[PDB]
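Asks: I am attaching a structure below and will ask some questions about it afterwards.
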Amino acid sequence: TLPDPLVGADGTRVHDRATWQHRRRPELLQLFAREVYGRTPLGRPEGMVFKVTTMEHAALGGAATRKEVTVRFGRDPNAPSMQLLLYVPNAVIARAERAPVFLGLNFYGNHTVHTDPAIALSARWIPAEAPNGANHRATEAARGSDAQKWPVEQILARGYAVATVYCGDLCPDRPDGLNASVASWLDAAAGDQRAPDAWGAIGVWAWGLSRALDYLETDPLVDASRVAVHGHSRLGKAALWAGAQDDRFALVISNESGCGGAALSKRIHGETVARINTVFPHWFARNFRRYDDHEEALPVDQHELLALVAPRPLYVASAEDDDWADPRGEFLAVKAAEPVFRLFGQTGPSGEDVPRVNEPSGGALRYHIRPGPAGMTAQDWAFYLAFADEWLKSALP
Ligand SMILES: [Mg+2]
Ligand SMILES: [Mg+2]
């Protein structure tokens with residue numbers, strides 16, 4: 001049984017956009033922070049420094065300008081940093097125009113999103129499952145290893161820049177990774193035990209996405225008011241939490257984000273709260289473990305995280321065979337979030353059951369399910385590019 005997003009914590013009905021934006025949204029953001037992801041301890045830190053390390057105006061055979069940027073989270077050269085890779089379509093900037101952007105984290109390093117041999121190899125810890133890794137270190141053989149999730153050339157040909165950062169720059173995806181992370185520097189309390197409401201990897205990954213947006217605001221080649229933040233699976237959990245917390249993001253795409261992302265936790269289908277916390281104890285707050293095999297006690301569910309994107313366009317998508325993510329749970333979260341989008345005059349999927357494969361449904365709140373297993377395919381990206389065409393042609397007032 002789901003909590004109503006349009007009934008406030010004190011029982012009062014939310015009938016208007018101002019009550020939603022200025023009372024209900026903060027209420028919900030604090031519940032997710034305390035009980036699920038942990039508290040984001042600060043937004044933009046003082047002293048952000050942006051250093052363009054490489055700049056090639058004829059990348060991808062002339063189709064793109066490629067930028068690599070060190071985004072340091074403080075002015076001292078000893079503060080932590082992340083490495084941002086950016087491809088911008090030369091066709092747009094040759095017209096004296098700023099390109100809209102797709103921004104998303106990657107799983108195995110910037111050098112894996114494209115075979116482009118001029119990308120810096122990540123100098124960070126790489127997980128064991130990464131293709132062609134030599135003892136947790138990037139290798140030349142890993143180049144383009146994950147390019148099937150990154151149709152860079154097609155995205156650029158449709159008029160969008162592509163920005164990415166390796167999630168492991170922010171928090172290595174391993175159970176001890178928070179100790180080697182922004183979190184270890186940022187909320188570096190004198191103590192050692194992680195506090196019960198301290199953020200984990202998803203919170204730290206999300207914060208990195210907002211810091212990448214800070215960089216895009218300074219880059220004259222891109223329009224930072226037209227940024228679609230996207231992610232696949234665990235990095236899609238991060239894209240949703242980033243897009244919910246930071247309403248600068250123009251559009252939000254959740255590709256098969258599953259448990260603790262778009263899927264309802266109270267459905268108890270596929271991956272559950274207990275299973276995700278037991279396998280990935282660093283992803284959520286320790287407080288989220290209160291709900292292991294007790295999802296009935298959750299004071300929110302993930303439809304309210306989706307509602308936190310409203311009125312900005314939100315795309316939630318599933319893969320038919322990806323039962324672990326609970327595709328029907330992701331769809332029903334979209335349906336339970338729709339009344340908030342409707343409050344703002346937007347439309348969600350028509351229907352009470354999962355649509356047929358490869359038949360997207362909904363207006364600014366959109367869903368599709370595609371055939372096959374978990375992944376981020378050319379078919380997913382085709383639907384996202386049409387979505388962005390419709391809801392990200394926003395360079396006019
Ligand atoms: Mg800009
Ligand atoms: Mg589930």
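Here, A, B, ... name the chains of the structure tokens in the order displayed, residue numbers run from 1 inside each chain, and ligands are numbered from 1 in the same displayed order.
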What are the nearest atom pairs, with distances in Å to one decimal, for all residues of chain A that come at most 12 Å from ligand 1, using only C-alpha atoms and all ligand atoms, set out by chain and rising residue number as JSON lines?
Replies:
{"residue": "A:88", "atom": "CA", "partner": "ligand 1", "partner_atom_place_in_ligand_line": "1 (Mg)", "distance": 11.7}
{"residue": "A:97", "atom": "CA", "partner": "ligand 1", "partner_atom_place_in_ligand_line": "1 (Mg)", "distance": 10.8}
{"residue": "A:98", "atom": "CA", "partner": "ligand 1", "partner_atom_place_in_ligand_line": "1 (Mg)", "distance": 7.4}
{"residue": "A:99", "atom": "CA", "partner": "ligand 1", "partner_atom_place_in_ligand_line": "1 (Mg)", "distance": 8.7}
{"residue": "A:100", "atom": "CA", "partner": "ligand 1", "partner_atom_place_in_ligand_line": "1 (Mg)", "distance": 9.2}
{"residue": "A:101", "atom": "CA", "partner": "ligand 1", "partner_atom_place_in_ligand_line": "1 (Mg)", "distance": 9.8}
{"residue": "A:161", "atom": "CA", "partner": "ligand 1", "partner_atom_place_in_ligand_line": "1 (Mg)", "distance": 11.5}
{"residue": "A:212", "atom": "CA", "partner": "ligand 1", "partner_atom_place_in_ligand_line": "1 (Mg)", "distance": 11.2}
{"residue": "A:213", "atom": "CA", "partner": "ligand 1", "partner_atom_place_in_ligand_line": "1 (Mg)", "distance": 8.9}
{"residue": "A:214", "atom": "CA", "partner": "ligand 1", "partner_atom_place_in_ligand_line": "1 (Mg)", "distance": 8.9}
{"residue": "A:215", "atom": "CA", "partner": "ligand 1", "partner_atom_place_in_ligand_line": "1 (Mg)", "distance": 7.8}
{"residue": "A:216", "atom": "CA", "partner": "ligand 1", "partner_atom_place_in_ligand_line": "1 (Mg)", "distance": 4.9}
{"residue": "A:217", "atom": "CA", "partner": "ligand 1", "partner_atom_place_in_ligand_line": "1 (Mg)", "distance": 3.7}
{"residue": "A:218", "atom": "CA", "partner": "ligand 1", "partner_atom_place_in_ligand_line": "1 (Mg)", "distance": 4.8}
{"residue": "A:219", "atom": "CA", "partner": "ligand 1", "partner_atom_place_in_ligand_line": "1 (Mg)", "distance": 4.3}
{"residue": "A:220", "atom": "CA", "partner": "ligand 1", "partner_atom_place_in_ligand_line": "1 (Mg)", "distance": 4.8}
{"residue": "A:221", "atom": "CA", "partner": "ligand 1", "partner_atom_place_in_ligand_line": "1 (Mg)", "distance": 6.3}
{"residue": "A:222", "atom": "CA", "partner": "ligand 1", "partner_atom_place_in_ligand_line": "1 (Mg)", "distance": 4.6}
{"residue": "A:223", "atom": "CA", "partner": "ligand 1", "partner_atom_place_in_ligand_line": "1 (Mg)", "distance": 4.6}
{"residue": "A:224", "atom": "CA", "partner": "ligand 1", "partner_atom_place_in_ligand_line": "1 (Mg)", "distance": 4.8}
{"residue": "A:225", "atom": "CA", "partner": "ligand 1", "partner_atom_place_in_ligand_line": "1 (Mg)", "distance": 7.9}
{"residue": "A:226", "atom": "CA", "partner": "ligand 1", "partner_atom_place_in_ligand_line": "1 (Mg)", "distance": 9.4}
{"residue": "A:227", "atom": "CA", "partner": "ligand 1", "partner_atom_place_in_ligand_line": "1 (Mg)", "distance": 10.0}
Asks: Could you turn the residues from that selection into a file that holds C-alpha atoms, as an mmCIF file, in the first residue's frame?
Replies:
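Saved to result_1.cif:
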data_model
loop_
_atom_site.group_PDB
_atom_site.id
_atom_site.type_symbol
_atom_site.label_atom_id
_atom_site.label_comp_id
_atom_site.auth_asym_id
_atom_site.auth_seq_id
_atom_site.Cartn_x
_atom_site.Cartn_y
_atom_site.Cartn_z
ATOM 1 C CA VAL A 88 30.386 18.537 -28.512
ATOM 2 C CA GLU A 97 25.205 28.062 -30.912
ATOM 3 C CA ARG A 98 25.480 26.236 -27.614
ATOM 4 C CA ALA A 99 24.662 22.542 -27.631
ATOM 5 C CA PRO A 100 22.258 20.799 -25.224
ATOM 6 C CA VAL A 101 23.876 17.922 -23.374
ATOM 7 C CA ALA A 161 26.878 16.906 -26.679
ATOM 8 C CA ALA A 212 29.593 18.042 -13.604
ATOM 9 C CA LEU A 213 26.627 20.332 -14.243
ATOM 10 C CA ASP A 214 28.533 23.092 -12.407
ATOM 11 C CA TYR A 215 31.315 22.647 -14.948
ATOM 12 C CA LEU A 216 28.910 22.700 -17.916
ATOM 13 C CA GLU A 217 27.603 26.105 -16.776
ATOM 14 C CA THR A 218 31.116 27.490 -17.374
ATOM 15 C CA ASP A 219 31.735 25.804 -20.730
ATOM 16 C CA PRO A 220 30.858 28.202 -23.584
ATOM 17 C CA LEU A 221 30.168 25.355 -26.028
ATOM 18 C CA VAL A 222 27.161 23.865 -24.239
ATOM 19 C CA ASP A 223 23.868 25.088 -22.829
ATOM 20 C CA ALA A 224 23.743 24.018 -19.176
ATOM 21 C CA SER A 225 20.028 24.873 -18.944
ATOM 22 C CA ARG A 226 19.362 22.008 -21.403
ATOM 23 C CA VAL A 227 21.058 19.036 -19.746
#
Asks: As a quick test: using only C-alpha atoms and all ligand atoms, which residues lie no more than 6 Å away from ligand 2? Give them as a list in words.
Replies: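 My answer, listing the contacting residues, is residues 259, 263, 265, 268, 269, 270, 271, 272, 325 and 326 of chain A.
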Asks: How about saving the chosen residues, N, CA and C atoms kept, as a PDB file, in the first residue's frame?
Replies:
ATOM      1  N   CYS A 259      15.765  -1.488  -8.131  1.00  0.00           N
ATOM      2  CA  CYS A 259      15.538  -1.379  -6.696  1.00  0.00           C
ATOM      3  C   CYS A 259      16.242  -0.147  -6.117  1.00  0.00           C
ATOM      4  N   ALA A 263      11.900   1.423  -9.262  1.00  0.00           N
ATOM      5  CA  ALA A 263      11.010   0.337  -8.864  1.00  0.00           C
ATOM      6  C   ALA A 263      10.461   0.556  -7.459  1.00  0.00           C
ATOM      7  N   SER A 265       9.690  -0.273  -3.865  1.00  0.00           N
ATOM      8  CA  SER A 265      10.229  -1.223  -2.873  1.00  0.00           C
ATOM      9  C   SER A 265       9.126  -2.041  -2.207  1.00  0.00           C
ATOM     10  N   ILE A 268       8.093  -5.778  -3.467  1.00  0.00           N
ATOM     11  CA  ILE A 268       8.783  -6.986  -3.012  1.00  0.00           C
ATOM     12  C   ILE A 268       8.907  -7.956  -4.176  1.00  0.00           C
ATOM     13  N   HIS A 269       9.521  -7.514  -5.263  1.00  0.00           N
ATOM     14  CA  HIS A 269       9.592  -8.301  -6.480  1.00  0.00           C
ATOM     15  C   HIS A 269      10.995  -8.140  -7.024  1.00  0.00           C
ATOM     16  N   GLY A 270      11.620  -9.251  -7.373  1.00  0.00           N
ATOM     17  CA  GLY A 270      13.004  -9.216  -7.826  1.00  0.00           C
ATOM     18  C   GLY A 270      13.937  -8.822  -6.699  1.00  0.00           C
ATOM     19  N   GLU A 271      14.852  -7.919  -7.014  1.00  0.00           N
ATOM     20  CA  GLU A 271      15.714  -7.372  -5.976  1.00  0.00           C
ATOM     21  C   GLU A 271      14.891  -6.657  -4.908  1.00  0.00           C
ATOM     22  N   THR A 272      15.129  -6.997  -3.651  1.00  0.00           N
ATOM     23  CA  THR A 272      14.449  -6.363  -2.522  1.00  0.00           C
ATOM     24  C   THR A 272      15.426  -5.514  -1.719  1.00  0.00           C
ATOM     25  N   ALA A 325      15.065  -5.975 -11.767  1.00  0.00           N
ATOM     26  CA  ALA A 325      14.711  -4.570 -11.604  1.00  0.00           C
ATOM     27  C   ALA A 325      13.222  -4.344 -11.397  1.00  0.00           C
ATOM     28  N   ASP A 326      12.396  -5.388 -11.595  1.00  0.00           N
ATOM     29  CA  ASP A 326      10.944  -5.313 -11.500  1.00  0.00           C
ATOM     30  C   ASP A 326      10.344  -4.295 -12.467  1.00  0.00           C
TER      31      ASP A 326
END
Asks: May I ask which of the residues A:312, A:230, A:286, A:136 is the closest one to residue 394 in chain A, counting only C-alpha atoms?
Replies: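 Answer, going by the shortest atom-to-atom distance: A:312.
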Asks: So which residues of range 98-231 of chain A fall under strand (DSSP E) by DSSP, listed as a PyMOL selection string?
Replies: chain A and resi 99-106+161-166+222-231
Asks: Per DSSP on the backbone, filter range 115-323 of chain A down to the residues in helix (DSSP H, G or I) and report them as a ChimeraX atom specification.
Replies: /A:140-142,147-149,152-157,167-169,177-180,182-186,201-218,234-245,265-267,273-279,286-291,295-297,302-307,323
Asks: Excluding range 365-374 of chain A and any residue of its chain fewer than 6 positions from it, enumerate the residues within 10 Å of it, using only C-alpha atoms, and give them as a JSON list (two decimals) with C-alpha atoms, in the first residue's frame.
Replies:
[["chain", "number", "residue", "atom", "x", "y", "z"],
["A", 232, "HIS", "CA", 21.87, 2.81, -16.49],
["A", 233, "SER", "CA", 21.05, 0.48, -13.63],
["A", 252, "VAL", "CA", 15.92, 12.95, -16.23],
["A", 253, "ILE", "CA", 16.36, 9.47, -17.75],
["A", 254, "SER", "CA", 16.26, 6.28, -15.63],
["A", 255, "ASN", "CA", 17.36, 3.29, -17.75],
["A", 256, "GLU", "CA", 16.47, 0.12, -15.85],
["A", 257, "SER", "CA", 17.42, 1.56, -12.47],
["A", 306, "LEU", "CA", 9.98, 10.17, -9.43],
["A", 307, "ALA", "CA", 7.46, 12.86, -8.41],
["A", 309, "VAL", "CA", 11.40, 15.47, -10.81],
["A", 310, "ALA", "CA", 8.09, 17.14, -11.67],
["A", 311, "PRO", "CA", 7.39, 19.28, -13.59],
["A", 312, "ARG", "CA", 10.58, 18.53, -15.50],
["A", 313, "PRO", "CA", 10.39, 15.70, -18.08],
["A", 314, "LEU", "CA", 11.14, 12.24, -16.72],
["A", 315, "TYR", "CA", 11.73, 9.04, -18.70],
["A", 316, "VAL", "CA", 11.62, 5.67, -16.93],
["A", 317, "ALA", "CA", 12.40, 2.57, -18.98],
["A", 318, "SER", "CA", 12.70, -1.19, -18.46],
["A", 319, "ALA", "CA", 13.95, -4.34, -20.17],
["A", 320, "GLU", "CA", 11.49, -7.17, -20.58],
["A", 321, "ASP", "CA", 13.78, -9.90, -19.22],
["A", 322, "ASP", "CA", 15.20, -7.73, -16.38],
["A", 323, "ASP", "CA", 12.91, -9.15, -13.69],
["A", 324, "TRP", "CA", 15.51, -8.26, -11.03],
["A", 325, "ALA", "CA", 14.71, -4.57, -11.60],
["A", 327, "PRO", "CA", 9.73, -3.70, -14.77],
["A", 328, "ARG", "CA", 6.12, -3.76, -13.57],
["A", 330, "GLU", "CA", 9.04, 0.64, -12.38],
["A", 331, "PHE", "CA", 5.87, 1.16, -14.43],
["A", 334, "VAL", "CA", 5.45, 5.98, -12.90],
["A", 335, "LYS", "CA", 1.68, 5.56, -12.56],
["A", 337, "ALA", "CA", 3.83, 9.54, -9.62],
["A", 338, "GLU", "CA", 1.54, 10.71, -12.41],
["A", 341, "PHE", "CA", 2.90, 15.50, -12.93],
["A", 342, "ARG", "CA", -0.79, 16.12, -13.65],
["A", 346, "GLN", "CA", 1.75, 17.05, -17.70],
["A", 347, "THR", "CA", 0.62, 13.61, -18.85],
["A", 348, "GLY", "CA", 1.89, 10.15, -18.00],
["A", 349, "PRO", "CA", 1.39, 6.75, -19.60],
["A", 350, "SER", "CA", -2.16, 5.86, -20.52],
["A", 354, "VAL", "CA", 2.85, -2.46, -18.72],
["A", 355, "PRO", "CA", 2.66, -1.32, -22.37],
["A", 356, "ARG", "CA", 3.68, -3.60, -25.19],
["A", 357, "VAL", "CA", 7.35, -3.77, -26.03],
["A", 358, "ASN", "CA", 8.89, -0.90, -28.00],
["A", 359, "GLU", "CA", 5.69, 1.19, -27.68],
["A", 380, "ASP", "CA", 16.65, 2.74, -25.68],
["A", 383, "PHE", "CA", 13.54, 6.67, -27.76],
["A", 384, "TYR", "CA", 15.51, 8.98, -25.43],
["A", 387, "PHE", "CA", 12.11, 12.46, -25.99]]
Asks: For residue 153 in chain A, please output as a list in words all residues within 9 Å (counting only C-alpha atoms; exclusion window: fewer than 5 positions along the same chain).
Replies: residues 60, 63, 64 and 158 of chain A
Asks: Hey, what's within 8 Å of residue 264 in chain A if we count only C-alpha atoms and toss same-chain stuff fewer than 2 positions away? As a list in words, please?
Replies: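 Listed by chain and then number, they are residues 259, 260, 262, 266, 267, 268, 301, 302, 303, 329, 330, 332 and 333 of chain A.
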Asks: I need the residue nearest residue 71 in chain A from this list: A:90, A:115, A:106, A:53. Use only C-alpha atoms for the distance.
Replies: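 Distance minimum relative to residue 71 in chain A lands on A:53.
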Asks: Counting only C-alpha atoms, figure out which residue out of A:117, A:159, A:109, A:281 gets nearest to residue 91 in chain A.
Replies: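 Using only C-alpha atoms, residue 91 in chain A sits closest to A:159.
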Asks: Which one of A:378, A:165, A:195, A:178 sits closest to residue 283 in chain A if you count only C-alpha atoms?
Replies: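 Closest to residue 283 in chain A, using only C-alpha atoms: A:178.
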